[PDB]
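What follows is a single structure, written as structure tokens, with notes after it.
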Amino acid sequence: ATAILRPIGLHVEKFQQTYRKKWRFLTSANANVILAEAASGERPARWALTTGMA
Amino acid sequence: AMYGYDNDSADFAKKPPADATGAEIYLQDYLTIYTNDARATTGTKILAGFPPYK
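Protein chains in written order, with PDB author numbering: chain A, 165 to 218; chain A', 326 to 379. A prime marks a further copy of an entry chain.
As structure tokens, this is what we get:
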């Protein structure tokens, strides 16, 4: 039998978007040294070891 | 230099462990070739110079 109505459901529109960027970054070749960070509140006294990994 | 000080050392920051950082270490012990000094030797002297170590 011919169907005059079928369950097409809701009309929903979907939108896809794309965002592109290109960046050029300069990094410094830092020495690996040990710095003292004093205790502060809940932060305990600790040693810090530095790097050049940006 | 390879493994660093204990965390409670006063000198902790002076040697960041190369086992952690992978940084370069200077070596200071070098091969040395000896021969006798006969300037003050009495009697029969051995005057053979050096071995040709090259």
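Ideal Cβ placement from N, Cα and C applies to all residues, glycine included.
At the level of alpha carbons, what is the spacing between residue i and residue j?
i: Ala212 (chain A); j: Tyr183 (chain A); result: 37 Å
i: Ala218 (chain A); j: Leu352 (chain A'); result: 30 Å
i: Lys339 (chain A'); j: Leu356 (chain A'); result: 28 Å
i: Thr191 (chain A); j: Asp354 (chain A'); result: 36 Å
i: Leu174 (chain A); j: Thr166 (chain A); result: 22 Å
i: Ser334 (chain A'); j: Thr360 (chain A'); result: 44 Å
i: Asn194 (chain A); j: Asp336 (chain A'); result: 21 Å
Beta carbon of residue i, beta carbon of residue j: below 8 Å?
i: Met327 (chain A'); j: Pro342 (chain A'); result: yes
i: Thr215 (chain A); j: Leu199 (chain A); result: no
i: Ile358 (chain A'); j: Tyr378 (chain A'); result: yes
i: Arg210 (chain A); j: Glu201 (chain A); result: yes
Could you spell out where the alpha helix (DSSP H) holding residue i opens and where it closes?
i: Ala345 (chain A'); result: 343-346
Any heavy atom of the ligand PLP closer than 7 Å to the CB of residue i?
i: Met327 (chain A'); result: Within the structure as shown, the ligand PLP is missing, as the structure has no ligands at all.
What span of residues does the beta strand (DSSP E) with residue i cover, start to end?
i: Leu213 (chain A); result: 210-213
Which residues does DSSP pair with residue i in a beta bridge?
i: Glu201 (chain A); result: A:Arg210
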